Amino acid sequence: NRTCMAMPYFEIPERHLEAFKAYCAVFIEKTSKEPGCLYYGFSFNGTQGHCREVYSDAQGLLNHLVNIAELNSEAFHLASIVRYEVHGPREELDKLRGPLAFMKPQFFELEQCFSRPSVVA
Amino acid sequence: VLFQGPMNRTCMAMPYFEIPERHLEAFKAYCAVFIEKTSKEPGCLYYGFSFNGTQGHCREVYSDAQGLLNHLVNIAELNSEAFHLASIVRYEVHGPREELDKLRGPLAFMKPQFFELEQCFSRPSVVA
Amino acid sequence: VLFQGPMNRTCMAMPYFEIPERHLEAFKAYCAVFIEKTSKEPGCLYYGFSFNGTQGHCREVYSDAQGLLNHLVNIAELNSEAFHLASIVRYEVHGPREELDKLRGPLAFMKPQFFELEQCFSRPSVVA
Amino acid sequence: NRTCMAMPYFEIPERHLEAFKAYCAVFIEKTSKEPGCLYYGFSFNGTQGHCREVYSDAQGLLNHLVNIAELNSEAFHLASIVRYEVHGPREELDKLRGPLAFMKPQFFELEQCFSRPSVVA
């Protein structure tokens, strides 16, 4: 199981919350074209935003960053990413520590796990 | 084009642990005990521990809010005996509003950060 | 593949009228009066009358539940004077649960059939 | 404005309600491929189901019936259609009275209307 999970946390000014949520549907449409993306969901604690992103492997996360780059530049003025976590097995995170350094990610290496045959992450 | 519909009932809990270095290996050993206990819960879909050095984390995925409540009851005794190895510094709960409404009362003692899931894409054969 | 997200706030009201034949042409004339009055409501997106012989119908589309309540206030006086031309035999209200919750109290006197909108596809440029 | 609106009403046994709602997502996926379908939404009054279907013209409704026929036969045992209304201008409903007779439709001819430039139905 090489699945990796990325989690950006967003600080959204209250005047930008509705525009941010409208863009979420655009990010979801664009990300839905990625074969390696298994899950992409936006959740909110008031003005604190969050995305739970599941990719089939490290390459999937790298594909997503390239795929989403143009949308990122369009919407980058609506919020600040205040934290970025990447969770997965060490052998996949090893492929990401170099490429992702610009995000200052917090890397969590998955070491012990239970899961049902239906649910990979 | 726009697609709209109800979210899955799935809820995810994420405690973040501050583990003293002198307790880190004992904490990791106990993780096997917590996994074994949780693996018998019908409502638990995923339960896994990850580490950023001495920062620990558990990703807990339940089929609905009731699954998370069942876990709280199941693990209460174990939580109280491994209590001393770490402290929980953040506790997040993610899920749809209607399920999180069932959790705000029972989990108040954890002072959780509740994130209401509002928009999602998924491949349902592999992730809920 | 599965897409999930919130419904539009749009609400639709549909009264069905039983119109005596002797009143049908007068009813149709008054429809112009009701359309003119309703056309000044900011919250009204669509308001149209259709007929299956002497069975009349209005399709009323509002941007949210508040729009429907504003219409009730706006039309109250007109409703009371054209009151005698027909009877309402069915009154349906369609929309998302959170908006319909705002209507169950104010519209109780109409004994409405409330249909909660749960899944939808749409082309947002032309239909809400 | 040639738009027509179709409205099936469903009586769903309580034991079939969840399966019916799961099929709704399949009907929505299939109907989303129709260029002439502008809106397709399912609503529920307990066990009473309803679809609000908006088509750009009478041909769109006929295309939908053909497009959805295979799914109809798969799911036809989950509920009964107890009423079927078709609303639109007379000139479009004239094209449907023959083809749709098997549904025993209730035809409502739209005669007077207000709408904002953004909303066709």
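Residues numbered from 1 in each chain as written, not as in the entry; some residues may be left out. Chains lettered and ligands numbered in written order. Heavy atoms only, no water.

- Method of structure determination, per the deposited record: X-ray crystallography was used for this entry, reaching 1.450 Å resolution.

## Structural notes on the overall build of chain B
- When you go through chain B residue by residue, the secondary structure sums to three helices and six strands.
- Element order for chain B, N to C, with α for helix and β for strand: β-β-α-β-β-α-β-α-β.
- Computed over the C-alpha atoms, the radius of gyration of chain B is 15 Å, within 12% of the 14 Å expected from 2.2 N^0.38 for a compact globule of 128 residues.
- Its C-alpha atoms give chain B principal-axis dimensions of roughly 55 × 30 × 25 Å.
- Counting all 128 residues of chain B, 52% fall into the buried class.
- Sequence-distant contacts in chain B: of pairs separated by 6 or more residues, those separated by 24 or more amount to 65%. (Helix = DSSP H or I, 4+ residues; strand = E, 2+ residues; numbered from the N terminus. Rg over C-alpha atoms; globule rule 2.2 N^0.38 Å. Buried < 20%, exposed > 50% of the residue type's maximum accessible area, 1.4 Å probe, protein only. Contact = heavy atoms within 4.5 Å.)

## Side note on the overall build of chain A
- The secondary structure content of chain A amounts to four helices and five strands.
- Secondary structure elements in chain A, listed N-terminal to C-terminal, are β-α-β-β-α-α-β-α-β.
- Taken against the 2.2 N^0.38 rule, which gives 14 Å for 121 residues, the C-alpha radius of gyration of chain A at 14 Å falls within 12% of a compact globule.
- Each principal axis of the C-alpha distribution contributes one length, and for chain A these read about 40 × 30 × 25 Å.
- The buried share among the 121 residues of chain A stands at 50%.

## Things to note about the packing of helix 1 (residues 24-38) of chain C against helix 2 (residues 65-81) of chain C
All names here are of chain C.
- Interhelical geometry of helix 1 versus helix 2 gives an angle of 150 degrees and a closest axis separation of 10 Å. With respect to helix 2, the element helix 1 is oriented roughly antiparallel. Of the two elements, helix 1 crosses helix 2, and the hand of that crossing is right-handed. For the pair helix 1 and helix 2, the contacting residues are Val33, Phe34, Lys37 and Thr38 in the first and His71, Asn74, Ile75, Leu78 and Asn79 in the second.
- Among the residues making up the contact of helix 1 with helix 2, the classes are represented as four nonpolar, four polar and one charged. (Axes fitted to C-alpha atoms, helices over the stretch in contact; angles between N-to-C directions. Parallel < 35°, antiparallel > 145°, perpendicular 65-115°, else oblique. Left-handed = near helix turned anticlockwise from the far one by under 90°. Nonpolar A, V, L, I, M, F, W, Y, C, P; charged D, E, K, R; others polar.)

## Regarding the interface of chain A and chain B
- Contact with chain A, which involves 42 residues of that partner, is made by 42 residues of chain B.
- Summed over both partners, the interface of chain A with chain B buries about 3,800 Å², with 54% contributed by carbon and sulfur atoms.
- Inspection of the region where chain A meets chain B yields three salt bridges.
- Where chain A meets chain B, there are 28 residue pairs in polar contact.
- Contributing elements (two or more residues each) for the side of chain A that touches chain B: strand 1 (4-11), helix 1 (17-31), strand 2 (37-45), strand 3 (48-55), strand 4 (80-88) and strand 5 (106-115) of chain A.
- Among the elements that take part in the side of chain A that touches chain B, strand 5 of chain A stands out by supplying 10 residues, more than any other. (Buried area = accessible area lost by both parts, 1.4 Å probe. Salt bridge = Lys/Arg side-chain N within 4 Å of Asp/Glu carboxyl O. Polar contact = N/O pair within 3.5 Å; in protein donor to acceptor, adjacent residues only side chain to side chain.)

## Some details on the state of the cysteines
Residues and elements named next belong to chain D.
- Counted by the stated rule, this structure contains zero disulfides over all chains.
- Sulfur of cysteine 37: no disulfide; nearest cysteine sulfur belongs to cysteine 51 and is 8.0 Å away.
- When its relative accessible area of 0% is taken as the criterion, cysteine 37 is described as buried. (Disulfide = S-S within 2.5 Å.)

## Some details on the pattern of salt bridges
- Evaluation of the coordinates by the stated rule reveals 28 salt bridges over all chains.
- In this structure, the salt-bridge partner of A:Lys21 is B:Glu118, at a minimum N-O distance of 2.9 Å. In this pair, A:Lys21 is assigned in helix 1 and B:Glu118 in strand 6 (residues 113-122), connecting two distinct chains.
- Here B:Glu99 makes a salt bridge to B:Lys102, at a shortest N to O gap of 3.0 Å.
- Looking at B:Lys102, the relative accessible area reads 45%, which means it is partly exposed.
- Within the structure, one salt-bridge network assembled from shared partners comprises A:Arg83, A:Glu85, B:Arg90 and B:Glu92.

## A look at the environment of D:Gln59
- Secondary-structure assignment places D:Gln59 in helix 2 (residues 58-67).
- The partly exposed category is assigned to D:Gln59, whose relative accessible area is 43%.

## Remarks on the packing of aromatic side chains
- Here the structure, examined in full by the defined rule, presents 25 aromatic pairs over all chains.
- Where B:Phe27 meets B:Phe51, the ring centres are 6.0 Å apart and the plane angle is 90 degrees; that geometry is what we call edge-to-face. You can see B:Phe27 sitting in helix 1 (residues 24-38) and its partner B:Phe51 sitting in strand 3 (residues 44-52), a full 24 residues away along the chain.
- The class of B:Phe51 is buried, set by a relative accessible area of 4%.
- Summarising the aromatic geometry, the rings of D:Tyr23 and D:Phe27 are spaced 6.4 Å apart at their centres and angled 80 degrees between planes, so their arrangement reads as edge-to-face. Remark: D:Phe27 and D:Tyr23 occur in helix 1 (residues 17-31); sequence separation between them is four residues, near one turn of the helix. (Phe/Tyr/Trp six-rings, centres within 6.5 Å; stacked < 30°, edge-to-face > 60°.)

## Regarding unusual backbone geometry
- The backbone phi angle of C:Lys111 is positive, close to 45 degrees, even though this residue is not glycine.
- Relative to the helices and strands, C:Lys111 is located in the loop between helix 3 (97-100) and strand 6 (113-122).
- Positive phi, close to 45 degrees, is recorded for D:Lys104, a residue that is not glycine.
- Inspection of the secondary structure assignment puts D:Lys104 in the loop between helix 4 (90-93) and strand 5 (106-115).

## Some points on helix 1 of chain C
- Compared with an ideal rise of 1.5 Å per residue, which puts 15 residues at 21 Å, helix 1 of chain C spans 21 Å between its outermost C-alpha atoms and is within 8% of the ideal.
- Taken together, the buried positions of helix 1 of chain C are occupied by C:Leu24, C:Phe27, C:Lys28, C:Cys31, C:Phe34, C:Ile35 and C:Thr38.
- Contact partners of the buried residues in helix 1 of chain C: strand 2 (11-18), strand 3 (44-52) and helix 2 of chain C together with strand 5 of chain D. (Expected span 1.5 Å × (residues − 1).)

## Examining the pairing of strand 1 of chain A
Residues and elements named next belong to chain A.
- Summarising burial for strand 1: seven of the eight residues are buried, a large majority.
- In this structure, strand 1 lies alongside strand 3, joined through six bridges in antiparallel fashion. Pairing of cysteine 4 across the sheet is with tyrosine 55, part of strand 3.
- Examined bridge by bridge, strand 1 and strand 4 share seven bridges and lie antiparallel to one another. Considered in strand 4, the bridge of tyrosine 9 is made with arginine 83. (Pairing = 2+ DSSP bridges.)

## Some points on the environment of B:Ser50
- Relative to the assigned elements, B:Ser50 resides in strand 3.
- Judged by its relative accessible area of 2%, B:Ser50 falls in the buried class.
- In this structure the C-alpha to C-alpha distance between B:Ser50 and B:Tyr16, which are 34 residues apart in sequence, comes to 9.7 Å.
- Not counting chain neighbours up to four residues away, the residues in contact with B:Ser50 comprise A:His87, A:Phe108, A:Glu109, A:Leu110, A:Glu111, B:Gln55, B:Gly56 and B:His57.

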